[PDB]
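So the protein lines, in turn, are chains B and A.
With the deposited numbering applied, the first sequence covers 300 to 348.
With the deposited numbering applied, the second sequence covers 151 to 191.
A virtual CB, placed ideally from N, CA and C, is assigned to each residue, including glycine.
All remarks here apply to the structure that follows.
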Amino acid sequence: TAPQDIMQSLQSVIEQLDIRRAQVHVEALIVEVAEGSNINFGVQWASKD
Amino acid sequence: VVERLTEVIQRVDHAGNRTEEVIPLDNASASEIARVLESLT
């Protein structure tokens, strides 16, 4: 609700803010490659006293 | 002599004739134009 002049302004704003929105599809890719190893080798003795 | 002063006046009474008219406004607000056009005079 406004005077005839302000209205014609607010009609060209609303006309330009009413546009159609684009939507986005966002994929993430989480990669992980792990590789372990170990090796253990040793001799032990024991005896009497 | 009265004839002329029926002539003069009712001819002069034409001169100051003041009539009013309503002019529509399609775009501008009538309230602005009423301030602007009255700021000139």
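In angstroms, rounded to a whole number, what distance separates the CA positions of residue i and residue j?
i	j	result
B:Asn337	B:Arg319	59 Å
A:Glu182	B:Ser308	15 Å
B:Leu316	B:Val330	41 Å
A:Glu170	B:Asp304	24 Å
A:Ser189	A:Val151	46 Å
Could you have a look at residue i and say whether DSSP puts it in helix, strand or coil?
i	result
B:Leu309	helix
A:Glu182	helix
A:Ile159	helix
A:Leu187	helix
B:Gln315	helix
B:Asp348	coil
Less than 8 Å separating the Cβ of residue i from some heavy atom of the ligand HEM?
i	result
B:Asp317	The model depicted lacks the ligand HEM and carries no ligand whatsoever.
> Using a Cβ cut-off of 9 Å, which residues of the region 163-186 of chain A contact any Cβ in chain B, in chain order?
Replying inline: Here the close residues are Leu175, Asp176, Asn177, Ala178, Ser179, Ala180, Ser181, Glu182.
>> Residues of the region 300-323 of chain B in Cβ contact with chain A at a cutoff of 7 Å, in chain order, please.
In response: Listed in chain order, the positions of the region 300-323 of chain B with a beta carbon within less than 7 Å of a beta carbon of chain A are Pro302, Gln303, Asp304, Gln307.
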